[PDB]
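Written below as structure tokens is the structure these notes are about.
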Amino acid sequence: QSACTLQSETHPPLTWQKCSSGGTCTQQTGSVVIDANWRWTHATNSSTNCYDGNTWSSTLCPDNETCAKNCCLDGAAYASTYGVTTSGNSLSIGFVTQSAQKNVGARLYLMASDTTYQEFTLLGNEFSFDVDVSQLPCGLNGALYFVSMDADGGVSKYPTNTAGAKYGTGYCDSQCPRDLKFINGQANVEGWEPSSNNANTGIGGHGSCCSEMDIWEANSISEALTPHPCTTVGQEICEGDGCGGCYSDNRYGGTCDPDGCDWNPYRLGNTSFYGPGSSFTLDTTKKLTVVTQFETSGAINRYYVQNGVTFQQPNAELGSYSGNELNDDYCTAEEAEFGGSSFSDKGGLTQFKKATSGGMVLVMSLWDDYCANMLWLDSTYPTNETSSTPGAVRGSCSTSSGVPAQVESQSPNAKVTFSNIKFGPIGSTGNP
Ligand SMILES: *[C@@H]1O[C@H](CO)[C@@H](O)[C@H](O)[C@H]1NC(C)=O
Ligand SMILES: [Co+2]
Ligand SMILES: [Co+2]
Ligand SMILES: [Co+2]
Ligand SMILES: [Co+2]
Ligand SMILES: [Co+2]
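Below, the structure written as structure tokens:
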């Protein structure tokens, strides 16, 4: 896709801190961009839509190459269309925003410049942020995570993409999403199937894979920490059902692990650690600091801070494993106890360390789940299982919760606020 200028594009500003060993943090002047899939896609020389509702223009988009030649992405009204606002080091994402049209959620990337994503090499570093999940009920996911996206959004690799990072191009993740309208500098109209349950989305013949570090997938009920390896570390196109993910006919595709090695304290049996009010260690009605440490071994550590009190990740006992560290011993015990081979099949934390030793882009999003109602995060999953089945219960939410049409009507003013991002070597982000 190219970029058009019928609607002005400015990335909302967002400050963050880079911290040094031996006690100092320095302000960085960043900004955020909305992913290209949220944007208006229209003809390069008119306002004619290339995409209407969940259907491509067969006139402008008879095939993937003609479509990209004919079509451009345009600017985004971050506050009034997409419910995205910033203040200092704080980013708020609204759930349902009513303008000319209904907008649900947003996926944003942290920028280095007007034309480049900020790249972070997680390995050896820790990432700290504050979050307010108080306004996220059952069925919603305020996510903060990293993906192995190209810094320029794909411009160098696919020079037909001249829109680039400025317009939020080049997304990939371990679901190898096929809902993207542009992949690899071409459209995704070939094999497009409009969504049965979503008037605005569809699935195309191609998807976009890469390694994914899910630091934070959470609401006021449940939180999960999950690395996902891929056999190709960075961004790569995938063909149809070879993409896997929840929207392919089978979720196990050829290159990415869609399940990950997840750590949800509730799922692991600590049902009083995280939730609303005084009865939980971490009270999700109040702001929380989440610190995630990428050990040079490839293990991942976690602690939380709430009103100045530090809490380490709670201990888990799972098979032969005892500890609070996401490491290959944990991920092997998890496959032994809860089942599956996706994570180890795709190379485990050794493969995952290839991604964290390279650049990854920071993603912040709010979404509801048109595939599985977020039950995997905050309910009993699969729904036929019981709390008698270890790992079936990931939170207290009802198995009928999280239907998009329902939660959009019930809780349109739901929101997530991410703030005070700090990044530096392990041990540094408590510095002043
Ligand atoms: C849950 O975690 C908290 C914080 O570590 C701890 O105080 C409590 O004992 C744990 N409960 C169980 C059942 O492990
Ligand atoms: Co995901
Ligand atoms: Co193909
Ligand atoms: Co099919
Ligand atoms: Co408390
Ligand atoms: Co061992």
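Once you know that position 172 of the sequence shown is 172 in PDB author numbering, the rest is easy, because the numbers rise by one and skip nothing. Ideal Cβ placement from N, Cα and C applies to all residues, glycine included.
Mind checking which residues open and close the alpha helix (DSSP H) that includes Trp-376? In the DSSP assignment, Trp-376 falls within the unbroken alpha helix (DSSP H) covering 375-378.
What did DSSP end up calling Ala-77 once you bin it into helix, strand or coil? Correct three-state label for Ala-77: coil.
Under the criterion of a Cβ to heavy atom distance below 6 Å, does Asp-132 qualify as lining ligand 8? Ligands displayed in this structure: ligand 1, ligand 2, ligand 3, ligand 4, ligand 5 and ligand 6; ligand 8 is not among them.
Label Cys-371 either buried or exposed according to how many other C-beta atoms from any shown protein chain fall within 10 Å of its C-beta, with 16 as the threshold for buried. By the C-beta density criterion, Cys-371 is exposed, having fewer than 16 other C-beta atoms within 10 angstroms.
Rounded to whole angstroms, what is the Cα-Cα separation between residue 505 and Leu-140? Since the first residue of the chain shown is 1 and the last is 432, residue 505 is not available in this structure.
If you scan the segment 30-96 from start to end, which runs of the alpha helix (DSSP H) of 4 or more residues do you find wholly inside it? Runs of the alpha helix (DSSP H) inside the segment 30-96: 64-70.
May I ask which residues mark the beginning and end of the beta strand (DSSP E) holding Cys-19? For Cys-19, the enclosing beta strand (DSSP E) covers residues 13-20.
Per the DSSP calculation, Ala-106 is bridged to which residue(s)? As a beta-bridge residue in DSSP terms, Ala-106 pairs with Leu-366.
Looking at the structure shown, is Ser-211 part of a helix, part of a strand, or coil, going by DSSP? Coil.
Write down the C-beta distance between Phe-120 and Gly-359 rounded to the nearest angstrom, noting that I regard them as a contact closer than 8 Å. About 7 Å separates the two Cβ atoms, so the contact holds.
Looking at ligand 1, does it come within less than 6 Å of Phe-338, judged from the CB to the closest heavy atom? It does not: the Cβ of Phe-338 is nowhere closer than 6 Å to a heavy atom of ligand 1.
Looking at the structure shown, is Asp-150 part of a helix, part of a strand, or coil, going by DSSP? In the structure shown, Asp-150 adopts coil according to DSSP, grouped into three states.
Rounded to whole angstroms, what is the Cα-Cα separation between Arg-251 and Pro-258? When only Cα atoms are considered, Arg-251 and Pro-258 end up about 7 Å apart.
Taking only the alpha-carbon atoms, compute the straight-line gap between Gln-98 and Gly-298 and give it to the nearest angstrom. Here the alpha carbons of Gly-298 and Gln-98 stand approximately 43 Å from one another.
Which runs of the beta strand (DSSP E), 3 residues or longer, sit entirely within the segment 136-196? Counting whole runs of 3 or more residues, the segment 136-196 contains the beta strand (DSSP E) stretches 140-147.
Beta carbon nearer than 5 Å to a non-hydrogen atom of ligand 1: Any heavy atom of ligand 1 within less than 5 Å of a residue's beta carbon puts that residue on the list, which reads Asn-270, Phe-273, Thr-281 and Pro-314.
Residue(s) in a DSSP beta bridge with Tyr-117: Answer is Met-111.
Using only the alpha-carbon positions, how far apart do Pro-390 and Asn-37 sit? Roughly 38 Å between the two C-alpha positions.
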